[PDB]
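J.: Supplied structure: my_file31.cif, mmCIF, C-alpha atoms.
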data_work
#
loop_
_atom_site.label_atom_id
_atom_site.label_comp_id
_atom_site.auth_asym_id
_atom_site.auth_seq_id
_atom_site.Cartn_x
_atom_site.Cartn_y
_atom_site.Cartn_z
CA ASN Z 360 0.00 0.00 0.00
CA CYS Z 361 2.70 2.44 -1.04
CA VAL Z 362 4.62 3.95 -3.95
CA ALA Z 363 7.87 2.10 -4.57
CA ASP Z 364 10.56 4.18 -6.28
CA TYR Z 365 13.05 1.61 -7.46
CA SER Z 366 15.19 3.98 -9.55
CA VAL Z 367 16.86 5.48 -6.48
CA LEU Z 368 17.99 2.12 -5.12
CA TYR Z 369 19.27 0.96 -8.50
CA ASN Z 370 21.19 4.08 -9.40
CA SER Z 371 22.81 4.52 -5.97
CA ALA Z 372 26.48 3.50 -6.21
CA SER Z 373 26.62 1.56 -2.92
CA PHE Z 374 25.46 -2.00 -3.65
CA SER Z 375 27.92 -4.80 -4.36
CA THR Z 376 25.40 -6.71 -6.48
CA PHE Z 377 21.91 -6.16 -7.90
CA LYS Z 378 20.91 -9.32 -9.79
CA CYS Z 379 17.24 -9.84 -10.75
CA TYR Z 380 15.45 -13.11 -11.73
CA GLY Z 381 11.95 -13.10 -13.18
CA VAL Z 382 12.02 -9.34 -13.66
CA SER Z 383 14.44 -7.07 -15.44
CA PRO Z 384 16.28 -4.60 -13.17
CA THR Z 385 15.38 -1.67 -15.44
CA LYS Z 386 11.72 -2.37 -16.34
CA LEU Z 387 10.51 -2.35 -12.76
CA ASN Z 388 8.69 1.00 -12.49
CA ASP Z 389 5.90 0.00 -14.94
CA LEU Z 390 4.86 -3.17 -13.04
CA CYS Z 391 2.95 -3.54 -9.84
CA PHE Z 392 2.54 -6.20 -7.26
CA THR Z 393 -0.05 -7.42 -4.79
CA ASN Z 394 2.70 -7.45 -2.13
CA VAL Z 395 6.50 -7.28 -2.00
CA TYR Z 396 8.55 -8.96 0.73
CA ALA Z 397 12.07 -7.99 1.79
CA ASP Z 398 14.07 -10.85 3.34
CA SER Z 399 17.02 -9.24 5.16
CA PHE Z 400 20.07 -11.03 6.61
CA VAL Z 401 23.91 -11.02 6.91
CA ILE Z 402 26.13 -13.61 5.16
CA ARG Z 403 29.80 -14.25 4.40
CA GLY Z 404 30.94 -12.81 1.09
CA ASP Z 405 31.76 -16.27 -0.27
CA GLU Z 406 28.19 -17.40 0.47
CA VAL Z 407 26.57 -14.99 -2.03
CA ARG Z 408 26.72 -17.71 -4.68
CA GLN Z 409 24.52 -20.00 -2.56
CA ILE G 410 31.36 -5.75 -20.35
CA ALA G 411 29.22 -8.35 -22.08
CA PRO G 412 26.17 -8.59 -24.36
CA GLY G 413 22.96 -8.72 -22.39
CA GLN G 414 24.67 -7.27 -19.32
CA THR G 415 23.85 -4.11 -17.37
CA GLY G 416 25.55 -1.83 -14.88
CA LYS G 417 26.90 1.70 -14.68
CA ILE G 418 29.32 1.08 -17.56
CA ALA G 419 27.15 -1.22 -19.63
CA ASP G 420 24.41 1.45 -19.64
CA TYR G 421 26.43 4.71 -19.39
CA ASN G 422 29.89 4.17 -20.95
CA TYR G 423 30.16 0.97 -23.00
CA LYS G 424 27.07 -0.82 -24.33
CA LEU G 425 27.45 -3.98 -26.45
CA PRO G 426 25.07 -5.30 -29.13
CA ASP G 427 23.04 -8.24 -27.93
CA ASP G 428 24.07 -10.19 -31.06
CA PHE G 429 27.82 -9.50 -30.63
CA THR G 430 30.12 -12.09 -32.29
CA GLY G 431 33.54 -11.14 -30.87
CA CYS G 432 36.05 -11.67 -28.05
CA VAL G 433 36.75 -9.97 -24.71
CA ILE G 434 40.50 -9.81 -24.02
CA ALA G 435 41.91 -8.63 -20.67
CA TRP G 436 45.06 -8.35 -18.56
CA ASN G 437 45.91 -6.53 -15.34
CA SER G 438 47.80 -3.21 -15.42
CA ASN G 439 48.88 -2.70 -11.80
CA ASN G 440 52.46 -2.04 -12.98
CA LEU G 441 51.60 0.29 -15.90
CA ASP G 442 48.48 2.43 -15.55
CA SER G 443 48.42 2.68 -11.76
CA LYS G 444 50.43 5.43 -10.07
CA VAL G 445 51.40 6.07 -6.46
CA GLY G 446 48.67 7.79 -4.47
CA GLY G 447 46.09 7.13 -7.18
CA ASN G 448 46.36 7.73 -10.93
CA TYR G 449 43.60 10.24 -11.68
CA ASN G 450 43.43 10.29 -15.47
CA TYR G 451 40.77 7.58 -16.11
CA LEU G 452 37.26 9.08 -16.20
CA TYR G 453 33.86 7.39 -15.87
CA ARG G 454 30.23 8.47 -16.04
CA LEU G 455 27.91 7.30 -13.27
CA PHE G 456 24.88 9.48 -14.14
CA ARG G 457 22.99 9.94 -17.38
CA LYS G 458 19.45 11.01 -18.24
#
Spell out the structure here as structure tokens.

T.:
Amino acid sequence: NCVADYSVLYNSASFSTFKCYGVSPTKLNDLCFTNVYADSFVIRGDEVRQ
Amino acid sequence: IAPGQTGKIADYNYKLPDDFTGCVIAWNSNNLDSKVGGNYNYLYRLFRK
């Protein structure tokens, strides 16, 4: 129940990786969702591949 | 630097065709382009409308 501006997060030069499956990282503003969930946790760098 | 790839260079400074039929060749330059205290002669573009 909100407006999700995903251009700010993508353009910010702070993320080590931004890899999207199912959706394209650029064509994200013209789509909308019933809900979006953010699963947040800390891992070891070498575990990103898993 | 690859066809079908995105990022701040792929979109702003070097975009490849998605049907590219070539080769990507690379080697490190730590003993040639780098300079002590930072070699500030290589420019990039992080913003574009």

J.: Which residues would end up in the selection if the PyMOL selection byres ((chain G) within 12 of (chain Z)) were applied here, given that I need the answer as a list in words?

T.: residues 413, 414, 415, 416, 417, 418, 420, 421, 454, 455, 456, 457 and 458 of chain G

J.: Just how far from CA of residue 388 in chain Z is CA of residue 368 in chain Z, in Å to one decimal?

T.: 11.9 Å

J.: Name the closest residue to residue 367 in chain Z among the candidates Z:382, Z:387, Z:392, Z:404; distances are taken between atoms, counting only C-alpha atoms.

T.: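 Among Z:382, Z:387, Z:392, Z:404, it is Z:387 that comes nearest to residue 367 in chain Z.
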
J.: What does the distance between CA of residue 422 in chain G and CA of residue 450 in chain G come to in Å, to one decimal place?

T.: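 Separation of CA of residue 422 in chain G and CA of residue 450 in chain G: 15.8 Å.
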
J.: Run the PyMOL selection byres ((chain Z and resi 360) around 12) on the file and write out the hits as an MDAnalysis selection string.

T.: chainID Z and resid 361:363 391:395

J.: Would you compute an axis-aligned box for range 438-454 of chain G, covering every atom listed for it in the file with 6 Å of margin on each side, and report centre and edge lengths in Å to one decimal as JSON?

T.:
{"center_x": 41.3, "center_y": 3.5, "center_z": -10.3, "size_x": 34.2, "size_y": 25.5, "size_z": 23.7}

J.: Using only C-alpha atoms, which protein or nucleic acid residues come within 12 Å of range 432-449 of chain G? Drop anything in the same chain fewer than 6 positions from it, and give the result as a list in words.

T.: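 My reading of the contact set: residues 410, 411, 412 and 425 of chain G.
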
J.: Save the residues we just selected, C-alpha atoms, as a PDB file, in the coordinates of the input?

T.:
ATOM      1  CA  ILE G 410      31.360  -5.750 -20.350  1.00  0.00           C
ATOM      2  CA  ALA G 411      29.220  -8.350 -22.080  1.00  0.00           C
ATOM      3  CA  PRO G 412      26.170  -8.590 -24.360  1.00  0.00           C
ATOM      4  CA  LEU G 425      27.450  -3.980 -26.450  1.00  0.00           C
TER       5      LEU G 425
END

J.: Go ahead and compute the interatomic distance for CA of residue 426 in chain G and CA of residue 386 in chain Z, in Å to one decimal.

T.: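 According to the coordinates, CA of residue 426 in chain G and CA of residue 386 in chain Z are separated by 18.7 Å.
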
J.: Since the input lacks atoms, please generate N, CA, C and O atoms for range 392-406 of chain Z and provide them as a compact mmCIF listing (two decimals), in the coordinates of the input.

T.:
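Contents of selection_24.txt, freshly written:
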# COMPACT_ATOMS: atom_id res chain seq x y z
N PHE Z 392 2.55 -4.95 -7.98
CA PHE Z 392 2.54 -6.20 -7.26
C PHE Z 392 1.41 -6.17 -6.24
O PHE Z 392 0.96 -5.10 -5.82
N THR Z 393 0.95 -7.35 -5.86
CA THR Z 393 -0.05 -7.42 -4.79
C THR Z 393 0.63 -7.15 -3.45
O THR Z 393 0.03 -6.54 -2.55
N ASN Z 394 1.85 -7.64 -3.30
CA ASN Z 394 2.70 -7.45 -2.13
C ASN Z 394 4.15 -7.64 -2.55
O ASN Z 394 4.43 -8.32 -3.54
N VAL Z 395 5.07 -7.01 -1.82
CA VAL Z 395 6.50 -7.28 -2.00
C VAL Z 395 7.08 -7.58 -0.63
O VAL Z 395 6.72 -6.94 0.36
N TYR Z 396 7.94 -8.61 -0.55
CA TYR Z 396 8.55 -8.96 0.73
C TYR Z 396 10.06 -8.79 0.66
O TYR Z 396 10.68 -9.20 -0.33
N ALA Z 397 10.63 -8.21 1.71
CA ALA Z 397 12.07 -7.99 1.79
C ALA Z 397 12.65 -8.89 2.88
O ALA Z 397 12.36 -8.70 4.07
N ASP Z 398 13.41 -9.90 2.45
CA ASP Z 398 14.07 -10.85 3.34
C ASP Z 398 15.49 -10.35 3.57
O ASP Z 398 16.30 -10.33 2.64
N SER Z 399 15.79 -9.96 4.80
CA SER Z 399 17.02 -9.24 5.16
C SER Z 399 17.90 -10.04 6.12
O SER Z 399 17.41 -10.50 7.17
N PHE Z 400 19.17 -10.28 5.73
CA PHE Z 400 20.07 -11.03 6.61
C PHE Z 400 21.53 -10.76 6.21
O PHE Z 400 21.81 -10.25 5.13
N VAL Z 401 22.45 -11.14 7.11
CA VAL Z 401 23.91 -11.02 6.91
C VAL Z 401 24.54 -12.37 6.59
O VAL Z 401 24.26 -13.37 7.28
N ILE Z 402 25.38 -12.41 5.56
CA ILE Z 402 26.13 -13.61 5.16
C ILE Z 402 27.62 -13.30 4.96
O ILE Z 402 28.05 -12.15 5.01
N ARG Z 403 28.40 -14.37 4.79
CA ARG Z 403 29.80 -14.25 4.40
C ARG Z 403 29.85 -13.99 2.91
O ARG Z 403 28.99 -14.47 2.16
N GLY Z 404 30.82 -13.17 2.49
CA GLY Z 404 30.94 -12.81 1.09
C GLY Z 404 30.91 -14.02 0.17
O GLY Z 404 30.11 -14.09 -0.77
N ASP Z 405 31.66 -15.06 0.54
CA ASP Z 405 31.76 -16.27 -0.27
C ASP Z 405 30.45 -17.04 -0.35
O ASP Z 405 30.34 -17.95 -1.18
N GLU Z 406 29.46 -16.70 0.47
CA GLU Z 406 28.19 -17.40 0.47
C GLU Z 406 27.17 -16.76 -0.46
O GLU Z 406 26.07 -17.30 -0.61
